[PDB]
Every structure is written in structure tokens, then in C-alpha cells.
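In C-alpha cells, one chain follows: the form deposited without the DNA.
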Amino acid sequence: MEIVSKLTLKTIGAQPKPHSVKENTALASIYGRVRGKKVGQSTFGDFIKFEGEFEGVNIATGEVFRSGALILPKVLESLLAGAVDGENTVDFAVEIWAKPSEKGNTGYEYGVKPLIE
């Protein structure tokens, strides 16, 4: 089990290269306990650093990762930010997918579903 300072689709090794997603592709399973969040700033946009305890699995490789921080793609970050707006602690378990999309920077969008689904 590798420890990463931030759990992200990139640090898990599961971010597809641009224009490589031609069908729905399962990327990672993420198990989380969220107990805080901080806004982070980068040159070309802000993001939320979720804090707590996270475990991620790269579905294609089987590799397992652990972290105290989580950063999600924008569409999923907004979903989790709502879900943690009214509860002091949130536990979750989700699977993240890439779906083919309109031509953009990457040609794919992110989807998410509960692992229990």
C-alpha cells in the first residue's frame, strides 16, 4: 500500500491520456472519511482539498493507495462539496468512471457511482 500526500486520479495512476477514452472506462474505487476541506489555489483555477482518511484502488492495476487528502475532478468535487456541507463527518465508497464526451481537452467526462450500487 503506497502512501501519497494527495489522493487524486493522477497520483493513483488512473487518469486517462487525452482522447483515449472510447467507451466507458472504470478508473478507481475511492473509500473516504471526510472530516474537513480547504480551498487550494493553482495558477489556472482553484480546487478543494478534502481532508480525512482515504483509500484508493486503481481498478486496472489493482494498486492500493492511502492518503490524508483527496482532490477530485471539478464535476465530482462539486458533488462531494454539497454532500459535506451539512455533516461534520461523511463516510463514502464510490467508483469513478470516464465516459466519452464532446471534443474538448480530453474527450471524456467523469462519472461516479456508489460502490454498493
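One rule holds for the numbers: they count along the sequence shown, beginning at 1.
The same protein has a further form, the form deposited with the DNA bound, not shown here; the description that follows concerns it.
Though the partner is left out of this view, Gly104 does reach within 4.5 Å of the DNA in the entry with it bound, counting heavy atoms only. In the entry with it bound, the DNA sits beyond 4.5 Å of every heavy atom of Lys113.
Contact annotation for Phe92: none of its heavy atoms lies within 4.5 Å of the DNA in the entry with it bound. For the chain shown alone, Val57 is not a contact residue for the DNA in the entry with it bound, no non-hydrogen atom being within 4.5 angstroms. Screening 61 to 69, 22 to 30, 36 to 44, 81 to 89 for residues having heavy atoms within 4.5 Å of the DNA in the entry with it bound returns a single hit, 36 to 44. Along 1 to 36, these residues reach a heavy atom to within 4.5 Å of the DNA in the entry with it bound: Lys6, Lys10, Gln15.
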